[PDB]
Amino acid sequence: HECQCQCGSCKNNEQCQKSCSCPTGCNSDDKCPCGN
Ligand SMILES: [Cu+]
Ligand SMILES: [Cu+]
Ligand SMILES: [Cu+]
Ligand SMILES: [Cu+]
Ligand SMILES: [Cu+]
Ligand SMILES: [Cu+]
Ligand SMILES: [Cu+]
Ligand SMILES: [Cu+]
């Protein structure tokens, strides 16, 4: 999905901007699954 994360790993990360698997509201790296 379109990426609307505010975590450090994803915010302005071009790799997952249009291919993000995170839960909505994924705002913390500690619980971020992106690219798992
Ligand atoms: Cu995302
Ligand atoms: Cu991401
Ligand atoms: Cu993330
Ligand atoms: Cu992302
Ligand atoms: Cu993601
Ligand atoms: Cu994310
Ligand atoms: Cu996130
Ligand atoms: Cu995430």
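Excluded from the calculations below are hydrogen atoms, water molecules and symmetry mates; all remaining heavy atoms, backbone and side chain alike, are included. Nothing fancy with the numbering, it's 1 onward along the sequence. Both counts, for ligands and for their atoms, begin at 1 and track the order of listing.
- In this structure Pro33 satisfies the side chain to side chain contact (heavy atoms under 4.5 Å, CB included) test together with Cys22, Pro23, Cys26, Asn36, sequence neighbours excluded.
- The side-chain hydrogen bond (donor to acceptor under 3.5 Å, both in side chains) test applied to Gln6 returns no partner, not counting sequence neighbours.
- Under the side chain to side chain contact (heavy atoms under 4.5 Å, CB included) criterion, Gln17 pairs with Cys3, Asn13, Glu14, not counting sequence neighbours.
- Put simply, the side chain of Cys16 reaches to within 4.5 Å of the side chain of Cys34, judged on heavy atoms.
- Using a 4.5 Å heavy-atom cutoff, the side chains of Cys32 and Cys5 are not in contact.
- To the nearest 0.5 Å, the span separating CG on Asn27 from SG on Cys7 amounts to 7.0 Å.
- Around the Cu ion (ligand 2), protein N, O or S atoms at less than 2.8 Å comprise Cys10 SG, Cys16 SG, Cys34 SG.
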